[PDB]
Structures are given as C-alpha cells and as structure tokens.
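K.L.:
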Amino acid sequence: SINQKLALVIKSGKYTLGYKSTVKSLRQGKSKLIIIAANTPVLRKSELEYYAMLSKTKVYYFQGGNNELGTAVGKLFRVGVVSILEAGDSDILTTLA
Amino acid sequence: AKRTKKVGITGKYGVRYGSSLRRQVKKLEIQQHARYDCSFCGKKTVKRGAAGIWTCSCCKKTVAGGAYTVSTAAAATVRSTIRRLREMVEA
Amino acid sequence: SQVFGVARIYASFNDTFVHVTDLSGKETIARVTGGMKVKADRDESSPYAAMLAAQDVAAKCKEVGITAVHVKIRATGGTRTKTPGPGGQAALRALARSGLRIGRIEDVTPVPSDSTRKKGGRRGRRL
Amino acid sequence: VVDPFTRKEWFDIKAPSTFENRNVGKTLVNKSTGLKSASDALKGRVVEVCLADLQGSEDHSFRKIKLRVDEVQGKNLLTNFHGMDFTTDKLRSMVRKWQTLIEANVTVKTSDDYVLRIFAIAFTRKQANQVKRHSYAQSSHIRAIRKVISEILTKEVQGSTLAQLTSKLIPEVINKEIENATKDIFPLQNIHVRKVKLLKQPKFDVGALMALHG
Amino acid sequence: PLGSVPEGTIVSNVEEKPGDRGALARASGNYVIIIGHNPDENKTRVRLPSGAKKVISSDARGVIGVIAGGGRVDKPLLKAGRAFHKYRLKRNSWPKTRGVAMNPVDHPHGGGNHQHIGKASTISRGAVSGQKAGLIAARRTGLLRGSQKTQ
Amino acid sequence: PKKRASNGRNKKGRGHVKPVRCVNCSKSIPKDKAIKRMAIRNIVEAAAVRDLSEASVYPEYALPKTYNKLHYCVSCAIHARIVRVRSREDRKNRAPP
Amino acid sequence: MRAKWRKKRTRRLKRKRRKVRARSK
RNA sequence: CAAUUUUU
RNA sequence: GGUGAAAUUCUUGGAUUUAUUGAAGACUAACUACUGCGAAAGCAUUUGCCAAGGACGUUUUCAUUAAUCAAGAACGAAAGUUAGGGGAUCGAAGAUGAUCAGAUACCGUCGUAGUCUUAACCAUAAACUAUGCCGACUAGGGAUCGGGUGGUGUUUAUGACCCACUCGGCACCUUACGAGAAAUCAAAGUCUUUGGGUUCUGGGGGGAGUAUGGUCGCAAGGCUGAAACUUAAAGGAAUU
Ligand SMILES: [Zn+2]
Ligand SMILES: [Zn+2]
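Protein chains in written order, with full-length UniProt numbering: chain A, 9 to 105; chain B, 2 to 92; chain C, 12 to 138; chain D, 20 to 233; chain E, 103 to 253; chain F, 2 to 98; chain G, 1 to 25.
#1: Assess contact between the stretch 138–149 of chain E and the stretch 157–168 of chain E, defined as three or more Cβ pairs (one per stretch) separated by less than 8 Å. Is contact present?
#2: Answer yes or no: the CB of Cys23(F) versus the heavy atoms of ligand 1, is any distance below 7 Å?
#3: Residues in the same chain with beta-carbon distance under 6 Å from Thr39(C), minus the five sequence neighbours each way, listed in chain order, please.
#4: Could you tell me which chain E residues have their CB closer than 9 Å to the CB of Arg23(B), listed as they occur along the chain?
#5: Helix, strand or coil, according to DSSP, for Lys216(D) in the structure here?
#6: Going by the DSSP bridge assignment, what does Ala163(D) pair with across the sheet?
#7: List in chain order the residues whose CB is within less than 7 Å of at least one heavy atom of ligand 1.
#8: Any heavy atom of ligand 2 closer than 7 Å to the beta-carbon of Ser7(F)?
#9: For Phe186(E), name the three-state secondary structure that DSSP assigns.
#10: I think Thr224(E) touches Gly236(E), with their Cβ atoms under 8 Å apart; what is that distance to the nearest whole Å?
#11: For a test of your reading of the model: does the CB of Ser27(F) fall under 7 Å from any non-hydrogen atom of ligand 3? Yes or no.
#12: Comparing the C-beta of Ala170(E) with each C-beta of chain B, is any distance below 8 Å?
#13: Going by the beta-carbon positions, is the gap between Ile169(E) and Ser114(E) smaller than 8 Å?
#14: Which word fits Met89(B), buried or exposed, when buried means at least 16 other C-beta atoms lie within 10 angstroms of its C-beta?
#15: Helix, strand or coil, according to DSSP, for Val157(E) in the structure here?
#16: Scan the stretch 67–101 of chain A for residues whose Cβ lies nearer than 8 Å to a Cβ of chain B and list them as they occur along the chain.
#17: I need the boundaries of the beta strand (DSSP E) containing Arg49(B), first residue and last residue.
#18: Using a C-beta to C-beta distance shorter than 9 Å, which residues of chain B count as neighbours of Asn47(A)?
#19: Which residues of chain B have a Cβ atom closer than 7 Å to the Cβ of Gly167(E), listed in chain order?
#20: Give me the chain F residues within the contact set of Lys73(C), using Cβ-Cβ distance strictly less than 9 Å, ordered along the chain.
#21: For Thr126(D), I'd like the list of residues in its chain whose CB is within less than 8 Å of its CB, leaving aside the five on either flank, ordered along the chain.
#22: Would you say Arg111(D) lies against chain F (beta-carbon separation less than 8 Å)?
#23: So, is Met103(D) buried or exposed, given that buried needs 16 or more other C-beta atoms within 10 angstroms?
#24: Tell me whether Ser81(B) sits in a helix, a strand or coil according to DSSP, three-state version.
#25: Looking at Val68(D) and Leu86(D), is the spacing between their C-beta atoms short of 8 Å?
#26: State the start and end residues of the unbroken alpha helix (DSSP H) segment that holds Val50(A).
#27: Judging by CA-CA distance, which residue of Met204(E), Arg242(E), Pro103(E), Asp142(E) is the nearest neighbour of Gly124(E)?
#28: What do you reckon, are the CB atoms on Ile18(A) and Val90(A) nearer than 8 Å?
#29: Keeping to the same chain, check which residues put their C-beta closer than 7 Å to that of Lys109(D); ignore five residues upstream and five downstream.
#30: Just how far apart, CA to CA, sit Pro20(F) and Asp125(C)?
#31: Quick one: grab the DSSP three-state call for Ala235(E).
#32: For the stretch 42–76 of chain D, which residues have a beta carbon sitting closer than 9 Å to at least one beta carbon of chain C?
#33: Work out the CA separation of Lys195(D) and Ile168(D) for me, nearest whole Å.
#34: Residues in the same chain with beta-carbon distance under 8 Å from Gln177(D), minus the five sequence neighbours each way, listed in chain order, please.
#35: Contact check, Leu41(A) vs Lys66(A) under 8 Å by CB: the rounded distance?
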C-alpha cells in the first residue's frame, strides 16, 4: 500500500509542500521523487516532468487529485504537489514500481 | 442564529403564492446558487451566472453545465454511456 | 449419405408444432400446427393430434428430399411448467415410424436466471 | 399456389480446416435472379453442429459449435469460426447438491482484431477416506483461484490467433492446465471452459478465406 | 457523422438532411437516440423526443451528449412578472385572453347569458382558417396519459 | 397451539431468506419451505428404444436423459404429492421415503 | 371477520366524525 | 368449471 | 389465444413460429443445505477502494473502568406521499371474456399508480423463536461452521482431509431426575424445600386503540389514553 508508505515520510523524511518550493527543491537537482495530483492543470503539469527528465527523478502520478491529497498527507488545505527531497527512513524511493 | 424554523430559503415571498409550490422551490432554489465545487480547481467557489452557465470565481473557467444544478441526473449517465462505448469501437 | 434437417419441436400446452429446416436454421419448411390436424382445439396437445401431424411433416418433407433430421424438442420454456407437452413423445415416435432417420438429439429449453416476475401474482394461481 | 420448394438451391456447407474431413452438411437457399441475387443472400448464418461429426469423437457428444459463414463460391461456401457452448444436458449432469461452483471470466483482446469473452466452471470432490458430504473450500480459496483462473487464460490467448487455439480446445489442453495450477490449493473435480462467445468481427476478411481449406 | 458512430450513442444537434447546418434536437435539454444502421441504402432507424420514429441518411451530422438546461420547466414561475419577463424576447403571445368570455364577434365561442361554447371543441382539418379554435383535429380527450413504448 | 417442533421451515436465527416461485400454481413461497424433489427419467416413450435404435444414425447415440426440479406451493403439495397426511409419531421422522 | 376489516371500518368512520371540525367550527 | 339455503 | 370447456385479443398489411442482430430496465436461477453474516429489518453475478465487526491466539497492556434503564436519541420490510430521472415484467382502480341468480369475485385477455433509482418523508408489520438483557451451575449423544492444540496419518515441503481435544456459534436426537394445565421444555430447570441482579407489561370480555386534551407529521396516520353503558362468560390445552 502506497498510502502506508507516504504517511511514514513525516517522521524524518525531509519533504516540502507547495509549488514554487517544489520547483526550487527541483532546481538544485538534489531533490528526488516528485509526487503530483490528478486534477492539476495540465499546463502546470508538464514543466514538472520536463525538468525531471534532466534530473531523472521518478514522478509517480497519484491516482487522486488535489483535494484528496490533503488528508492523505496530514495537513488541512488543498496541497497540490509534493517533493520528497529526502526520505531517510522510508520505502518509497526504491520499491515504487 | 437559526432565525426562522421551516421555510428559510424562500421566506422572502411571505404568505402568498401557495405553500405546496414554495416548498418545491425551497428544494430547488437552495441548489440554484449554493456554492458548488468544480473539480478542475480543487476549490468550491462556482456559482450561477445564467440558467445553463456556471462560473468559478477563481481559475476563471466557465463550464456549460445543467440548468439548476451543476450536473443533471441525465448528465451522469451520458458520460458513462459513451465510456461504455468508446472501448469496444476501438477494442 | 443422409441429408440432415432440424425439426425444432414446440412441445407445449394447448397445441404442438414443428418445422423442418436446413442445418443452418433459417429456411423453414412445412410447419403443420395443432389446428391443422383437428378441429376441436381442446386436444391439439393430445398425442392423437401429434400422431397425425408428425407423419404429415415427414411426408411434406419427403418430396422435399429430407432424409434425416436432428430433432430438437423444447418445453413451454420461459416462465412456465418447463415440461414437454403430452404430444412431445407423439411427434418424435411417429416421425421415427413414418420413415425418417433421427440423430444427435437433445433439448433447447431456455433456462433463465429466474427473474421478470411471473404472472398470477403473489398469492399464486388460485384455481 | 406455387409450391415454392422448387425455387431453392440444393446447396452445400463446408467446415473450417483445422479439423478432420470437412463436408459437414447441405442446405437449401434460393435462385440468383435480379433484385439482390442469392449470391450475397445469407452471409450471416450459423451452423449449429456438434463436434461428433467434425472429429468422429463419440465422447465429445456435447459442446455444440456455431459457425461464422462469410463467402459463397462456385456451388460452395467457406466457413469461419464462431465459438462454442455446451449442450444443456452436460451442465446439469454435473451440478448436483453438496459442492460449490466457480465461474470467473476474463475477456481478452487477442492477437488479431477480435475480442471474445471466455468462461470456466469448476467442481469439488472429496479424496476418499472421507466422511463429509458437502465438500467446500474456505471461501478465500474461491477468492484465490478465481483470479488465477483469470491469468491461465491470459497466457495461451493474447498470441497465436484462434485458428490454432481451436487446435488447443479440441484436446482440451487448457482444461488440463487448470489441473496444474489448482493442484496444491484445493484440488478439484473435472474442469471445463463451458463457454466462449464472440463480439468483434472487424471486416469482410477475404484474407483468412484460403486458410480454412486445403 | 452518425454512420461513423456505432449503436446506442445518445446524440443531439443531428440533421434531417445532409449539408443543411442544424435542424433536429437542439431544444433546451432533450436528446435523440440512434437504433441501428440499415447497411444497404445507408439510412438508419432513429427515435425522437416525442416517440415518432424517423429515417435519415448515413452522412447526416450530429453531436453526442444531451443539451444543457436540464429540468427547467418544473420549477414554478410564482410570479406574473417572471412570465412577462419570460415573454420579453419571444412574442406578444402573452397574456392569452380566453375566447369564451370574449364578445360574440371576435371569437367563435363567446356570448350568451352564461359562458358555454355549445358547439364542439375538436373541429377537423377539413375545417379551414378563421374557424379552427377549440381543439385541432383529434380523437382522445380525457385524463389518461398517452405513453410511449406501451406493453 | 404448537404442531411442528422445528416450527416453520428449517429456519432459526435468519429472519428472512428470499422468496422463490412455485411451478404448479405460480406461487411465491419462502425458499426454505416447500419442497425440492428432483425429476430425472430419460427422454423416451414407454421405452420404445428399439424403435429408437432402428431410427438412430450414429447408432443409439445417447440414451438421452433429462433434468428438472419442482417447487410447489402448500396447496398443490398434498394435492399432487401422494402423502396427504402424516401420523402423529411419524411427524418427528426425517425419512426420505 | 378478520380484524383487518374490523379495523378498516373504524379508521374511516373516524375521519367523517373528525371532518366535522372544519365545516362546523 | 359451477354445489347456495337449510334456521333457540 | 387461454383455460375443465370456450369467448376476448392478434393474424395473407405475413401472425404464432425459425434465424440474425440490437436496445430497455428489472432481477440474480442450477451450487443454496438443520449452513454462514449482522443489534434488528435484512443480506446472494464478479474485481477494486474506503472504513467497520466477530472468533481465537498471547506469559502484552489499564485497573472496576462494570449490568439494566425512566426522560432524550441513531436504525427500522412492504405499501403510501412529495418532487425529478427511468418506466421491461407484474399489477389495486378501471376496461373487458367465460361463471352462475347476482360477479364491477374467484378464472381469462388488457392496463394507468406502484414496482427501479436520487433527495425529503412516514416509525408501522405474525418487526413470531408469540421465548426482555446479564451471571452461576445441572444429564447425556452424534453431527456441523469458524479459530486453535496434537497424531510414526493418505495425497501432492505444501493445501485439503482422517482421528483425538477444546473454544465460541446455529441447530438436532435420546432421556427424564426436574418443570408445568396440557401440548411440550435443556431451558419454559435450580419456585410454597418460595429472595443471583435488572427494564417493561397485564387484572374478565366488550366500547377500543374509540371521545375529548396534548405532541409528532405535508397528509394518510403514529405515541399517550379513559368514561358512560353492557354481561357471565369470552378463553387456553387435551380425550371421545
Ligand atoms: Zn474552479
Ligand atoms: Zn406454480
């Protein structure tokens, strides 16, 4: 279950919410594992992975959208995308697919 | 808080026009301009502009949905009628 | 050597009929009914009526050139007794006697997944 | 008035090739006059034939076949494959009380542009030194094998177009293969495929005409 | 083009003749269904939102999906004005005075010490213009629904 | 009073089962109650199988047998199934004959 | 007499006793 | 098929 | 056509039939049982998602956190309502054909409401196991589901089974010491050898779940609920 997996990230996984921070994390090429939402605007969607061709990070498309990623991470607002710049104790970054 | 007890929504008429009628308009006109949640924005700020229009205040993207609600009873069966159908005409 | 027909017996109540046709199963031939072998209408399912009908069905198929038939009995089917009629063994036996070979025969009674509520009602056929 | 029986063509039929000898009956249609001649008359019919003549097998008196007919040519007409269902006796000579029944379909987009639903059926016996009567499995093995039913017939299919999958159905080697997979879970009685019905003929298909004779 | 779509696609804005730019099933909400294709002489078997079947060619146009504006007629107006503001951009068809309390001259029904029409209401198509009021050439009156696809 | 110990129809602790259909008078009855006695004979006459085996191609071919089952009502049960009554002490028995 | 039709009498000769509270009063 | 009344 | 027997209705404009397709919506056969699951009503064709519940396992944990409940509350078959969608089959009202003395009853052929779905309703059914909820113990006997523990056990380590045991089920059979009015009962037992707790209900039958009063409903109706008068049984079980 992936919804077992990403709930464990909040312990010590260095992650970041937001979009510009998601981009700025992806700017240095140090961050991995972009997580997106289903009902994002698709013109916003493409330049996430178009950078991510160049940093080679996996972008797992999440089967839910924006409004149901919020309770799926813990916070109470409509969090669009999620970058996991470090997941020091985890299982996502290897065992996905 | 809860100002009056039963009529509520269409209390603005008063005592005229009937009451079998204005408890059917009560059931509809609550739906007519209550703020729905259009799905391609992740918010709930879409409301009436005209009988057939809906318009989200953020994201500025106006659907052409139903008359009084955002999607009718017959609208959710047509989008699965062709999604019944769009597979086996290909495969 | 034998040419193969299919009889498709309608074995049911108040009447019984049958028609030989090609092994494909569309070009129908010689459909005698219960009302053509008796004018009583109260015994068209009786085996005396299917006795007169079956030998006429083969003789009207004899000049056609029918030699053997893959007969197919079927009951009233649908939402009734699911039982072959009284003349069901009367059209089969008389056709075997009237000079016509039989082979590869079973029934085609349509078994449903029991639904589309039967007539009569809740409290049954009172009678 | 006319006695219209002297108006038909005392015509034949033909079987597909991947079998034994193929003259499998004769029919009666029409005359090819003007106003939509009897050449392109039928083009859609089915041949409700059992396998008992097409292979000579006596034990295979069940599994009636239907037959796609497409062409006519030169006092003959050549035939394509449709599917199979059991006779209505051989089902209910097996489903008695005090057992369970498993049925689990997976339709499959095959190699060329067909698609076709396929079924299965299952039966449970008690391996003697028994005392019970009702012979159940634990209702998660039912949940377990009816999904692995749904990938046994995703290996032989999706490849090797059905004009030699019929060469795999007439020895029932897929029904032999079900005994291989369910050999450790819960064992089973004799397993059959029991149905296949077709729904995606793409086109007129003169290219597959010459395959089904020789 | 409806010949290029398969069975049962509930469609709209379909056309009675090829190349005419829109004629059929474009009112506020209703649809139309296709029930097949006659292959030879490529016409088809189409219903209609009142139940009368119709035959139209292959290459007629058509958009899938029903028209927006669903469920509109069933809320009451409650106001004379929202009917007057309804008939603002259509006609001077509103209001409709009744021809029974009318004068005996301006309508074939009025007059008398009471208000009775006296003659029948259903007058035929054999009647000709200037007198067909009442009811136009029909058979079944009375309270019972005429439904489509009877048993 | 009481007349049957396992009172109505083989049923404790299940409330409602589903109804099924009689075949002799189209009656709906609760599924556990009425009767389920089978019917399997043949498809022949008073045998006439010598008449069959002379008139059989692919010789004699089956001994063709049948299957059917019956659901009754309560009224046409003892009107057709020739039992009509049971004695007082033999109400308790569960004999197949 | 099933007591359904003892009960069908008394549950519609009640309202005709009870619909005197709108015409008269 | 239909069969009712026969009277502290 | 349909019945005991006939009449509606349909049909040379191709009926009833045979094949080929295709659609509509309902519904889940044959497996289906002395069996499962849920507080109850109810629950059956698959796969996935969401949460929940039972039973057993343990040498984990907290320490009376507990049993029942007036007032107040969530759920509650079908029918019915109000408003849209859908409306195959059945089918109150009605139409119509036999039936007889009458048949607007039974039987026949049709057919709107309802049956199906969404939102608001209604709180009633033989909602019956006519057996409130909990705790102790008291005879056996064989099955059966789910968990668990063993056996020099067959089959192919494995999973189902065979046997022995135990837990909790749902039931069955024998028997009575016991219980009662009997029928019957493992609970309806451990009750004049009368007291384990704990909620409710009944005092002859009628009037009647009626009148007035209140409350809940949009209405049908639901809850609470007499009196006047009337009169010896109504009644439960069992033998002939
Ligand atoms: Zn928006
Ligand atoms: Zn019946």
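Cβ coordinates follow ideal geometry from the N, Cα and C atoms, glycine included.
P.N.:
Concretely, from the data shown:
#1: Cβ pair count under 8 Å is three or more, so yes.
#2: As a working note, residue 23(F) is residue 22 in the sixth sequence. No; taking the cut-off as 7 Å, the Cβ of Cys23(F) has no heavy atom of ligand 1 nearer than that.
#3: One-based indexing of the third sequence puts residue 39(C) at position 28. By the criterion of a C-beta distance shorter than 6 Å, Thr39(C) is surrounded in its chain by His30, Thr32, once the five residues flanking it on both sides are discounted.
#4: Residue mapping note: residue 23(B) aligns to position 22 of the second sequence, counting from 1. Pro178, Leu180, listed in chain order.
#5: Taking the first residue of the fourth sequence as position 1, residue 216(D) is located at position 197. Strand at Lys216(D).
#6: For the purposes of this step, residue 163(D) is taken as the residue at position 144 of the fourth sequence. In the DSSP output, where bridge partners are listed per residue, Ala163(D) has none listed.
#7: Those residues, listed in chain order, are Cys39(B), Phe41(B), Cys42(B), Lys44(B), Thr46(B), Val47(B), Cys57(B), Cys59(B), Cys60(B), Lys62(B).
#8: The residue given as residue 7(F) occupies position 6 in the sixth sequence. Relative to ligand 2, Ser7(F) has its C-beta separated by 7 Å or more from all heavy atoms.
#9: Indexing the fifth sequence from 1 puts residue 186(E) at position 84. Reduced to three states, the DSSP call for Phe186(E) is helix.
#10: For this step, residue 224(E) is matched to residue 122 along the fifth sequence. For this step, residue 236(E) is matched to residue 134 along the fifth sequence. Between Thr224(E) and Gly236(E) the beta-carbon gap is near 7 Å, inside 8 Å, which marks them as a contact.
#11: This structure simply doesn't include ligand 3; it includes ligand 1 and ligand 2 instead.
#12: Taking the fifth sequence and counting its residues from 1, the one referred to as residue 170(E) is at position 68. For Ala170(E), the answer is yes, since a Cβ of chain B falls inside 8 Å of its Cβ.
#13: Your numbering for residue 169(E) matches position 67 in the fifth sequence. Your numbering for residue 114(E) matches position 12 in the fifth sequence. For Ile169(E) and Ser114(E), yes; Cβs fall inside 8 Å.
#14: Within the second sequence, numbered from 1, the residue matching residue 89(B) stands at position 88. Classification for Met89(B): exposed.
#15: The count along the fifth sequence starts at 1 and reaches residue 157(E) at position 55. Of the three classes helix, strand and coil, the one that applies to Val157(E) here is strand, per DSSP.
#16: Interface annotation for the stretch 67–101 of chain A against chain B: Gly73, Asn74, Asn75, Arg86, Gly88, criterion Cβ-Cβ distance under 8 Å.
#17: Taking the first residue of the second sequence as 1, we reach residue 49(B) at position 48. 47–49 is the span of the beta strand (DSSP E), which, as asked, contains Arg49(B).
#18: In the first sequence, counting from the first residue as 1, residue 47(A) sits at position 39. Proximity of chain B to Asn47(A) at the Cβ level (cut-off 9 Å) is accounted for by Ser40, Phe41, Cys42, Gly43, in chain order.
#19: In the fifth sequence, counting from the first residue as 1, residue 167(E) sits at position 65. Under the 7 Å cutoff, chain B gives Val79.
#20: The residue labelled residue 73(C) in the question sits at position 62 within the third sequence. In chain order: nothing, as chain F lies at least about 15 Å away.
#21: Mapped onto the fourth sequence, residue 126(D) falls at position 107. Cβ within range, chain order: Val134, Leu135, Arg136, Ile137.
#22: Reading the fourth sequence from its first residue, position 92 is the one you call residue 111(D). At least one beta carbon of chain F lies nearer than 8 Å to the beta carbon of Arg111(D).
#23: As a working note, residue 103(D) is residue 84 in the fourth sequence. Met103(D) comes out buried.
#24: Numbered from 1 along the second sequence, position 80 holds the residue referred to as residue 81(B). Helix at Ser81(B).
#25: Here residue 86(D) refers to the residue found at position 67 when the fourth sequence is read from its first residue. Here residue 68(D) refers to the residue found at position 49 when the fourth sequence is read from its first residue. Yes, the Cβ-Cβ distance between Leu86(D) and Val68(D) is below 8 Å.
#26: Start at 1 with the first residue of the first sequence, and residue 50(A) comes out as number 42. Segment 50–63, the alpha helix (DSSP H) holding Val50(A).
#27: On the fifth sequence, residue 124(E) is found 22 positions in, with the first residue counted as 1. Per the Cα distances, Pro103(E).
#28: Your numbering for residue 18(A) matches position 10 in the first sequence. Your numbering for residue 90(A) matches position 82 in the first sequence. Contact flag unset, no.
#29: Working through the fourth sequence from its first residue, we reach residue 109(D) at position 90. In chain order, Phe81 place their CB closer than 7 Å to the CB of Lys109(D), counting only its own chain and leaving out the 5 sequence neighbours on each side.
#30: Indexing the sixth sequence from 1 puts residue 20(F) at position 19. Indexing the third sequence from 1 puts residue 125(C) at position 114. CA-CA distance, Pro20(F) to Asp125(C), rounds to 11 Å.
#31: Residue 235(E) sits at position 133 when you count from the first residue of the fifth sequence. If DSSP states are grouped into helix, strand and coil, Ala235(E) belongs with coil.
#32: Listed in sequence order: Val43, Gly44, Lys45, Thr46, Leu47, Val48, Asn49, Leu61, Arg64, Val65, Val66, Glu67, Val68, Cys69, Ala71, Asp72.
#33: Locating residue 168(D) in the fourth sequence gives position 149, counting from the first residue. Locating residue 195(D) in the fourth sequence gives position 176, counting from the first residue. Rounded to whole angstroms, the gap between the alpha carbons of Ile168(D) and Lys195(D) is 13 Å.
#34: Numbered from its first residue, the fourth sequence carries residue 177(D) at position 158. The answer, listed in chain order, is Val127, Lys128, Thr129, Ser130.
#35: Stepping through the first sequence from its first residue, residue 41(A) is reached at position 33. Stepping through the first sequence from its first residue, residue 66(A) is reached at position 58. At roughly 6 Å, the Cβ-Cβ gap stays under 8 Å, so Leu41(A) and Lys66(A) are in contact.
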